[PDB]
Amino acid sequence: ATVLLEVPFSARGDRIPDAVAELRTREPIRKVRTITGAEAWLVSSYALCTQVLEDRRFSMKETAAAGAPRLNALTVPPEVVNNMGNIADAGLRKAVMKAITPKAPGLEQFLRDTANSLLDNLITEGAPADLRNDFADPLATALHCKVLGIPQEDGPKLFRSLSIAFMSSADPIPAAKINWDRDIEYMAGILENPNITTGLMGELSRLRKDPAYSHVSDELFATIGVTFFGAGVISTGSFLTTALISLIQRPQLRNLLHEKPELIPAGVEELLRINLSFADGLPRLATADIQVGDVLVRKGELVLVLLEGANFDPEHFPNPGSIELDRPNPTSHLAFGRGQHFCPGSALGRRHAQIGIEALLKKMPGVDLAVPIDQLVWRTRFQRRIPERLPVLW
Ligand code: HEM
Ligand SMILES: O=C1N[C@@H](Cc2ccc(O)c(I)c2)C(=O)N[C@H]1Cc1ccc(O)cc1
């Protein structure tokens, strides 16, 4: 006798399990068991993943309802699952989105300068270097302090909340609440700090004192800072880290992008397509009975949208495991989601990776892993797939 198929399948972020392709072919929507013991529908084809993400009756907000089948325990207050809705309802969506584009004057130069400084320090210290803890994550942290308008020196403490905040746990996590409450208090103080006049927090601080926002809660303003720092830093740092592995594993591509840096945007788009950074399918709760392929999903059931199911689907991306810079549908992947909850930071995430890769290839054109790839330690029970250390030489 066999147990119901368990998710997630593998915490390894350097390769897709052969099992995903078999599953997509045989059962592109299939029942699975999550780490909480809940049942869920796992969707793994491009067509069905898109259908779910574009139908708001598959609700993000409702996943936080008491008594719902859960993918994992909440690590934030339940109302924060509706963060973007709360921002929109407060009239802040346009301002928040404008503050997190890569377009502010000086931002791209700051990114380049930071990347080059991190890499110079690694070169001075000598190989081996850890490209996650000493390059990709500090680059993400520094970027997000700049985008938020907060002091660079405050970045590391906020960053250290994230190894817990983005856990994928069967049970509530006491440390997540301690760190959340502290980080909210920090952002509330930022909003009261007259020196904070730039970036997202500088803009929110002004809007907070504008009559058109006088009934928006101080809690929401602080929440925007905590959430955009956390989501952005974990997502950009984790994506860049695993993208560097995929690049290092492809010397011909590394060399092509080093020789022709104008191809880096196309390369990053393919690295996004093949990225395994999200450790679990994206969760949604059905708010009606909805046909998805051969399954009638019932109201109240949990649906998990497997991004790599869509992104490696050969019916949409032929030769899906290959990085090809000339595809006709290159941004049509689901790395940033799709529909109501499409990533509001997509342009910034692209530029973070493009600048980080450009700087790395210029400074370390001979970059290579310093350990066999199987020696990387993949973090478990986390909402991203990342190697604990990424040891390289050059
Ligand atoms: C390459 C880096 C990134 C990747 C791969 C990525 C991926 C994603 C994905 C897949 C979603 C959709 C989640 C869902 O539908 O359930 C999402 C949402 C989100 N992302 Fe990004 N993201 C990245 C960068 C960023 C950055 C730089 C920020 C902010 C500075 C950010 C903030 C958010 C927020 C706040 C949401 C939630 C939107 C919502 O609930 O409606 N992300 N991201
Ligand atoms: O904006 C938010 N929208 C939703 C949806 C969401 C869930 C998980 C993700 O990875 C992403 I991207 C988005 C949420 O539930 N929360 C935030 C992100 C956040 C920020 C700080 C935290 O500590 C935890 C989660």
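Just so we're on the same page, the entry's author numbering is the position in the sequence shown counted from 1, plus 2.
Heads up, the beta-carbon is just placed ideally off N, CA and C, and yes, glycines get one too.
- A Cβ-Cβ contact shorter than 9 Å links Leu-76 with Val-83.
- Here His-217 is exposed. Its C-beta has fewer than 16 other C-beta atoms within 10 Å.
- DSSP places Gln-293 in the uninterrupted beta strand (DSSP E) bounded by 292–294.
- Around the beta carbon of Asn-123, a 10 Å sphere encloses fewer than 16 other beta carbons of the protein chains shown; the residue is thus reported as exposed.
- Taking the Cβ atoms as the reference, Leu-336 lies roughly 5 Å from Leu-309, within the contact range of under 8 Å.
- The beta-bridge partner set that DSSP reports for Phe-60 consists of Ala-288.
- According to the DSSP assignment, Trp-43 belongs to no alpha helix (DSSP H) but to the beta strand (DSSP E) extending over 41–45.
- Not one heavy atom of ligand 1 sits closer than 8 Å to the Cβ of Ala-21.
- With 16 or more neighbouring CB atoms inside 10 Å of its own CB, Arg-340 falls in the buried class.
- Annotation for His-146 indicates a beta carbon within 8 Å of some heavy atom of ligand 1.
- 9 Å or more divides the Cβ of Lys-301 from the Cβ of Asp-315.
- The DSSP-derived three-state label of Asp-370 is strand.
- Between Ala-68 and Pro-80, the gap from beta carbon to beta carbon is short of 9 Å.
- The beta carbon of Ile-166 is closer than 7 Å to those of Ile-175, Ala-177, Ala-178 and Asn-181 in its chain, skipping five residues each way along the sequence.
- No residue range can be given for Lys-301, since it is assigned to no beta strand (DSSP E) and is classified by DSSP as neither H nor E.
- Of the other Cβ atoms in all chains shown, fewer than 16 fall within 10 Å of the Cβ of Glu-326; this residue is therefore exposed.
- With respect to the 9 Å criterion, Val-307 and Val-45 are classified as neighbours on the basis of their beta carbons.
- Across the structure, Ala-21 and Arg-28 are spaced so that their CA atoms are roughly 11 Å apart.
- In this chain, the beta strand (DSSP E) harbouring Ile-31 covers 31–35.
- Taken from the Cβ of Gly-204, every heavy atom of ligand 1 lies 8 Å or farther away.
- Assignment of beta-bridge partners to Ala-21 by DSSP yields no partner.
- Looking at the backbone, the Cα of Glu-24 and that of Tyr-48 are separated by about 14 Å.
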